[PDB]
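Take a look at this single chain, the form deposited in one PDB entry, given in structure tokens.
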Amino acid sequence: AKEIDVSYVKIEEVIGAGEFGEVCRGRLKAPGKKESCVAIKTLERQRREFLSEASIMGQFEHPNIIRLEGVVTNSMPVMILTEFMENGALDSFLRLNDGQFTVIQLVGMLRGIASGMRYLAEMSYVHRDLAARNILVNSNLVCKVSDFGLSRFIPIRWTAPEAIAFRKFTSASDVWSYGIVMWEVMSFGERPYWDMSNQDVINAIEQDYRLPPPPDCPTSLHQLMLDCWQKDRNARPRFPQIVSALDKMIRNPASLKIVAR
């Protein structure tokens, strides 16, 4: 929770809205450091809920987790600052780039997301809302796991079946969500389960249906999705094994040439 002096922070265009107010694009100019772009949540009662998020974010330091720049608490407005990700959310970025990235590039995106989740899981942090809309993409296509919560610029179709029903959220339920993210990525941002209703999705999953391989998806990647969607949560791979599986694919790209009929 590094405190930032406001004279370094200049607020520009509004990019969306949050639970506690606006979210804006901005610039950060600190002594001795270059000027960079930042995204800023602004904020009123004495509720410390707004800043409690910053206390959570400050624990995280990883190349695939959104990086908190700092906070302003001795000023108005009160603000949470992170690095600014030029390509925005992954789902809309991929829809804008439909069919325009190679399989190897998509796998590299997924490997980054998996590494970020591996870190969170190692930290005993359960995300609970992992979805492509919660991943930000930088100019080099590095994907960073984020959590926008209640935001704008209830999601059961990313949630493991045991978390929907029993409200049992674990890293293994995040693994389920990660498999959905894999499908979103290999589908260039198609909505999981198309236009099915939330109830239809729950019923389909309970009947053991699983999203099919996206067009051109390597069979080995869809199998990895199916592994993440095992009903028995203890049978799903853990994030370390997921990273290792993707790394094996990057080393052996001939394995990614096998697609289904």
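Note that the rigid core is defined as the largest set of C-alphas that superpose within 1.5 Å between two forms. Note that residue numbering follows the sequence shown and begins at 1.
One more form of this protein, deposited in another entry, exists but is not displayed; see below.
Student: Taking the rigid core as the frame, does residue 11 move its C-alpha by 2 Å or more between the shown form and the other one?
Tutor: Yes; residue 11 is a residue whose C-alpha shifts (by 2 Å or more) between the shown form and the other one when the cores are overlaid.
Student: Taking the rigid core as the superposition reference, indicate whether the CA of residue 67 shifts 2 angstroms or more between the shown form and the other one.
Tutor: Stays below the 2 Å threshold, so no.
Student: Any CA movement of 2 Å or more for residue 25 between the shown form and the other one, core superposed?
Tutor: True for residue 25: a C-alpha shift of 2 Å or more.
Student: Note whether the distance between the C-alpha atoms of residue 148 and residue 61 decreases (closer) or increases (farther) in the other form, against the displayed form; the change is 3 Å or more.
Tutor: Compared with the shown chain, residue 148-residue 61 is closer in the other form.
Student: Relative to the form shown here, do the C-alpha atoms of residue 148 and residue 100 sit closer together or farther apart in the other form, given a change of 3 Å or more?
Tutor: The answer is farther, because the C-alphas of residue 148 and residue 100 separate from each other in the other form by 3 Å or more.
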